[PDB]
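**Q** Starting off with a structure, shown below.
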Amino acid sequence: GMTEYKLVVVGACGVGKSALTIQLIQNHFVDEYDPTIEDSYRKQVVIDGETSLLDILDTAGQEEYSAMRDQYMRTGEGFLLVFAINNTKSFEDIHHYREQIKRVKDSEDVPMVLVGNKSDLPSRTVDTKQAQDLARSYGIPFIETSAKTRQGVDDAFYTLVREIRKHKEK
Ligand SMILES: *CCC(=O)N1CC[C@@H](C2=NC(=O)c3cc(-c4ccc(F)cc4F)ccc3C2)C1
Ligand SMILES: Nc1nc2c(ncn2[C@@H]2O[C@H](COP(=O)(O)OP(=O)(O)O)[C@@H](O)[C@H]2O)c(=O)[nH]1
Ligand SMILES: [Mg+2]
């Protein structure tokens with residue numbers, strides 16, 4: 001058979017939410033994608049031998065409340081918390097996005113994965129160990145990605161699916 005998963009990608013403007021999503025759905029690096037476009041994208045993949053349909057909300061728009069976004073967030077099964085390893089502000093912004101997920105879900109038990117994107121860049125400002133400290137504090141996995149090289153992209157999304165499977169067993 002197959003399982004559907006409703007996934008959400010959150011993070012600061014410019015961290016690579018769209019680039020990561022397009023790497024999953026189309027398998028290449030799209031370096032210019034309208035920063036204002038918020039949409040959901042469907043892709044059929046196979047995860048641990050099971051046909052898996054991923055619906056992925058690629059967040060954009062504004063920081064303020066959007067009704068359609070909120071109603072999608074409320075029913076999201078798993079969230080990727082994306083920062084860029086060369087942007088300390090995007091890392092500091094993770095707390096903000098995680099709080100909004102907990103506020104909109106009725107749960108302190110929401111599948112999430114912390115994603116350090118742009119791992120290909122030499123201009124790192126956030127140490128892997130700092131990200132590991134934070135993911136540990138949340139009790140969630142940390143995955144390093146490059147939407148440019150596709151390094152870690154399947155690991156980020158498939159790890160989130162594995163976290164949802166574990167949550168559904170409870
Ligand atoms: C380049 C522009 C861009 O990508 N952004 C501008 C606003 C930024 C933004 N990112 C988010 O991830 C986000 C998430 C939420 C939200 C809503 C509901 C919920 F349960 C959790 C959330 F994290 C609201 C606003 C934004 C704004 C991205
Ligand atoms: N070098 C590098 N650039 C990236 C990576 N991911 C995204 N980008 C670039 O970072 C910018 C923002 O990407 P985008 O997907 O629009 O970010 P979003 O605002 O979070 O949707 C664009 O110029 C992308 O080309 C990456 O992993 N490595
Ligand atoms: Mg985008």
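Within each chain, counting starts at residue 1; across the structure tokens, chains are named A, B, ... in the order shown, with ligands numbered 1 upward in that order.
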At most 6 Å is the cut-off: for each residue in chain A with any atom that close to an atom of ligand 3, write down the nearest atom pair and the distance in Å rounded to one decimal, counting only C-alpha atoms and all ligand atoms, chain first then increasing number, as a tab-separated table.

**A**
residue	atom	partner	partner_atom_place_in_ligand_line	distance
A:17	CA	ligand 3	1 (Mg)	5.4
A:18	CA	ligand 3	1 (Mg)	4.1
A:35	CA	ligand 3	1 (Mg)	4.4
A:60	CA	ligand 3	1 (Mg)	5.5

**Q** Write out as JSON lines a residue-level contact list of chain A versus ligand 2 with cut-off 6 Å: for each qualifying residue the closest pair of atoms and the distance in Å to one decimal, counting only C-alpha atoms and all ligand atoms, rows sorted by chain and residue number upward.

**A**
{"residue": "A:13", "atom": "CA", "partner": "ligand 2", "partner_atom_place_in_ligand_line": "19 (O)", "distance": 4.1}
{"residue": "A:14", "atom": "CA", "partner": "ligand 2", "partner_atom_place_in_ligand_line": "19 (O)", "distance": 3.5}
{"residue": "A:15", "atom": "CA", "partner": "ligand 2", "partner_atom_place_in_ligand_line": "20 (O)", "distance": 4.1}
{"residue": "A:16", "atom": "CA", "partner": "ligand 2", "partner_atom_place_in_ligand_line": "17 (O)", "distance": 3.3}
{"residue": "A:17", "atom": "CA", "partner": "ligand 2", "partner_atom_place_in_ligand_line": "20 (O)", "distance": 3.7}
{"residue": "A:18", "atom": "CA", "partner": "ligand 2", "partner_atom_place_in_ligand_line": "15 (O)", "distance": 3.7}
{"residue": "A:19", "atom": "CA", "partner": "ligand 2", "partner_atom_place_in_ligand_line": "15 (O)", "distance": 3.7}
{"residue": "A:31", "atom": "CA", "partner": "ligand 2", "partner_atom_place_in_ligand_line": "25 (O)", "distance": 3.1}
{"residue": "A:32", "atom": "CA", "partner": "ligand 2", "partner_atom_place_in_ligand_line": "25 (O)", "distance": 5.6}
{"residue": "A:33", "atom": "CA", "partner": "ligand 2", "partner_atom_place_in_ligand_line": "16 (O)", "distance": 5.3}
{"residue": "A:35", "atom": "CA", "partner": "ligand 2", "partner_atom_place_in_ligand_line": "19 (O)", "distance": 5.0}
{"residue": "A:117", "atom": "CA", "partner": "ligand 2", "partner_atom_place_in_ligand_line": "27 (O)", "distance": 5.1}
{"residue": "A:118", "atom": "CA", "partner": "ligand 2", "partner_atom_place_in_ligand_line": "27 (O)", "distance": 3.3}
{"residue": "A:120", "atom": "CA", "partner": "ligand 2", "partner_atom_place_in_ligand_line": "28 (N)", "distance": 5.7}
{"residue": "A:121", "atom": "CA", "partner": "ligand 2", "partner_atom_place_in_ligand_line": "1 (N)", "distance": 5.5}
{"residue": "A:146", "atom": "CA", "partner": "ligand 2", "partner_atom_place_in_ligand_line": "27 (O)", "distance": 3.5}
{"residue": "A:147", "atom": "CA", "partner": "ligand 2", "partner_atom_place_in_ligand_line": "27 (O)", "distance": 3.7}
{"residue": "A:148", "atom": "CA", "partner": "ligand 2", "partner_atom_place_in_ligand_line": "27 (O)", "distance": 4.5}

**Q** For residue 94 in chain A, list every protein, DNA or RNA residue within 9 Å, evaluated using only C-alpha atoms, and leave out those in the same chain fewer than 2 positions away; present the list as a PyMOL selection string.

**A** chain A and resi 10-12+81-83+89-92+96-99+114

**Q** From the set A:100, A:137, A:20, A:116, which residue has the shortest atom-to-atom contact distance to residue 64 in chain A, counting only C-alpha atoms?

**A**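 Under the stated criterion, the closest residue is A:100.
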
**Q** Excluding residue 143 in chain A and any residue of its chain fewer than 2 positions from it, enumerate the residues within 9 Å of it, using only C-alpha atoms, and give them as JSON, numbers by chain.

**A** {"A": [113, 114, 115, 116, 117, 141, 145, 152, 153, 155, 156, 159]}

**Q** Keeping C-alpha atoms for every residue in the selection just given, could you write it to a file as a PDB file, in the first residue's frame?

**A**
ATOM      1  CA  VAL A 113      13.556  17.914  12.406  1.00  0.00           C
ATOM      2  CA  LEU A 114      16.069  20.755  12.712  1.00  0.00           C
ATOM      3  CA  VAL A 115      17.696  21.389   9.302  1.00  0.00           C
ATOM      4  CA  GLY A 116      20.981  23.290   8.868  1.00  0.00           C
ATOM      5  CA  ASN A 117      20.925  24.197   5.163  1.00  0.00           C
ATOM      6  CA  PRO A 141      16.860  15.053  15.061  1.00  0.00           C
ATOM      7  CA  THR A 145      21.656  19.759   4.095  1.00  0.00           C
ATOM      8  CA  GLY A 152      21.182  15.421   3.156  1.00  0.00           C
ATOM      9  CA  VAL A 153      17.947  16.458   1.334  1.00  0.00           C
ATOM     10  CA  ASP A 155      17.767  12.426   4.864  1.00  0.00           C
ATOM     11  CA  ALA A 156      15.921  15.580   6.119  1.00  0.00           C
ATOM     12  CA  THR A 159      13.946  11.459   8.856  1.00  0.00           C
TER      13      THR A 159
END

**Q** Can you pull out every residue within 12 Å of residue 106 in chain A, counting only C-alpha atoms, but drop anything in the same chain fewer than 3 positions away, and send it as a PyMOL selection string?

**A** chain A and resi 73-76+99-103+109-110

**Q** Run DSSP on the backbone and tell me which residues of chain A come out as helix (DSSP H, G or I); list them as a VMD selection string.

**A** chain A and resid 17 to 26 67 to 74 88 to 92 94 to 104 128 to 138 153 to 169

**Q** Pick the closest to residue 38 in chain A from A:1, A:78, A:139, A:61: which is it, counting only C-alpha atoms?

**A** A:61

**Q** Considering only C-alpha atoms and all ligand atoms, can you say which of A:30, A:7, A:112, A:104 comes closest to ligand 1?

**A**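 Under the stated criterion, the closest residue is A:104.
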
**Q** Using only C-alpha atoms and all ligand atoms, find the one residue out of A:65, A:55, A:49, A:41 that sits nearest to ligand 1.

**A**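 For ligand 1, the nearest of the candidates is A:65.
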
**Q** Given the choices A:80, A:67, A:24, A:56, which gets closest to residue 135 in chain A if the distance is worked out from only C-alpha atoms?

**A**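 Checking each candidate against residue 135 in chain A, we get A:80 as the closest.
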
**Q** How many Å separate CA of residue 47 in chain A from CA of residue 158 in chain A?

**A**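 Straight-line distance from CA of residue 47 in chain A to CA of residue 158 in chain A works out to 6.6 Å.
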
**Q** Taking only C-alpha atoms and all ligand atoms into account, which of A:164, A:46, A:2, A:68 comes nearest ligand 1?

**A**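 Result for the nearest residue to ligand 1: A:68.
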